[PDB]
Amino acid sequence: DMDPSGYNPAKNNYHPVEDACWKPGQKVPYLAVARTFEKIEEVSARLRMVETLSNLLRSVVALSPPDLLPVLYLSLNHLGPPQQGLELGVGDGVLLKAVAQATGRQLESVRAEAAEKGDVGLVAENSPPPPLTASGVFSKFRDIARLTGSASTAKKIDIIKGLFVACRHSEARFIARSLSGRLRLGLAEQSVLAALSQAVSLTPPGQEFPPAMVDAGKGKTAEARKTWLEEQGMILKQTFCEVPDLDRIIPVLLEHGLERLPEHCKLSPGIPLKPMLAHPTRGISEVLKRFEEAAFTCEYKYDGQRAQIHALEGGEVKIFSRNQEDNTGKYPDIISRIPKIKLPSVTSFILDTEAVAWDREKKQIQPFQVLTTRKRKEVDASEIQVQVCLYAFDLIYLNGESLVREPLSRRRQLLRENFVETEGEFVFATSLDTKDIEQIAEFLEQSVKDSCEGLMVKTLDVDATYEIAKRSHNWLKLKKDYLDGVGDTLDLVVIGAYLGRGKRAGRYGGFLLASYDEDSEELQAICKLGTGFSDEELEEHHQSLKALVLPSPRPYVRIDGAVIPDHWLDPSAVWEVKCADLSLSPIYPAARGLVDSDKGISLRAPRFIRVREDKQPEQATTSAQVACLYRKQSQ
């Protein structure tokens, strides 16, 4: 009898059946999800968020098992497994057109309001079909993403409008945020997985209705309960890190339970897995302090793109990105190369490599920017213009055996013994086994001279497995720009401000920076900036720059194609900014004509360091200096 508007999955003593706002077998109302979202947004401790989400999931499992998968994807704001490549194709512009049409308002009015609040949901809401359902809403999202071709944008808009007109209470707020790609729950993959393992542990699936067991933790002590949930949570996590595909896991989970999940879902070539990531380290001394006694290896950190290469029993090859996207069609040249890299005894494998752009005439690595000019789907290897060289650094699976639980020392040994190097095509990452601080510093200096970002550091025997659920950032990355006094540092003028969104709402979220062109006495936009400040520094900058707002830009400020700032600023503040490198920009005018007739120069991964109170705009980094720095790069 409970109207979903009153649904409260944050209550104490939540009963999956009696406290749900729908009847057994009935479709999960979307308003039940939105209310769950509200209660999750009301808190900042993940543990409380997880329990609240787990309560909804327990009711879904008890009452409407078929809706579990759509409710999960709604909670994650995803459309499906990443390797299927479903994409909404809906941005803010298209979303605001849908809001405008659905609210009888004008586009510019809706546009201004959304920019001020930094949230599209509030506008869409504050503006008879049957109640929306979770799977219903989820299905309409997938219909939107499957619309393709000419006039498809108008059809996507019709669907979005139909959703909004059926919205009630806070539904529209969350419809708009999901389509916007900014749900802002504070809860994502890891917390949703914890909520799921907690839900199916407390309220097991597959019981005869009404379920006899609704809270399997009641009979345990608080301590035993916590230990039990951590263990069950790890079972799900380690399975997910090997098979990050809910389409595969949920049917098994509902049919055989969590404790038997690894028997049915396990690492297999052809199914992407979560890759090992790296923790940034600010110097060699921090590396030694972090690994203390453990022996470790250093490897070049190549500046390319991650390629997880799967060879299946039978010969089929698949290649996946860091985010489990399917890149098989992008690398036909690599697929034809597989026979050359493996010994004939190798019948299957999963390799961890970096794909790097490679100049075959000069036999040299090329920058990342050249690698990105490859087409996303190339059918003919003969049409490839940017060759790649594979730098292999790990082996995760070999000849039917998962190596996830073996230490790096053995995974690397098997890689070196079972695979074959070919210059410019497939080689092992340059490496050095040492604990001598001078040798490491010399090795770091060489990696940069050899066209790399720095070093990867990895333990060989102690905590050296490939178990992402135990530690996802088990590796250390020591980049040149992490070091103090090293890396490109510039003093740039603040010429504009952009209204913040989400956590930055009611504030400036980013800024437009410029270098000083001496020859024309103009300030030339060079990049935007939006990270590196504390919340306090960012608030101070909102107040100090608010005074400098102008209705129109100064005549000596050139931005060309850059995003026009929401608020123009009188060139006064000069900020010190660090970046990983300089790039040739297709939009930014800074230093155009000094290194390239058509293109200016921008900053790769800029971040705020500190205000330079001792510098006026005329003494900022000059466009000539920017060009000089960029030339030092490509020597």
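Start at 1 and count along the sequence shown; that's the residue number.
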Between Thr373 and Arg374, count the deposited residues left without coordinates and pick a bin: none, 1 to 3, 4 to 9, 10 or more.
none
Comparing 594 to 602 with 38 to 46, where is the mean C-alpha B-factor higher?
38 to 46
Between 101 to 109 and 242 to 250, which has the larger average Cα B-factor in the PDB entry?
101 to 109
From the entry's CA B-factor values, the highest among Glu383, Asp303, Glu467, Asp352 is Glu383
Among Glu406, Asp333, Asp359, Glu537, where is the Cα B factor highest in this entry?
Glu537
Position of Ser572 among the chain's modelled residues by C-alpha B-factor, lowest, middle or highest third:
highest
Thinking about Cα B factors across the chain, which third does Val17 belong to?
middle
Among the modelled residues of its chain, the C-alpha B-factor of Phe291 falls in the third labelled highest
Compared with the other modelled residues in the chain, in which third is the CA B-factor of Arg607?
middle
Third of the chain, ranked by Cα B-factor, where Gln366 sits
lowest
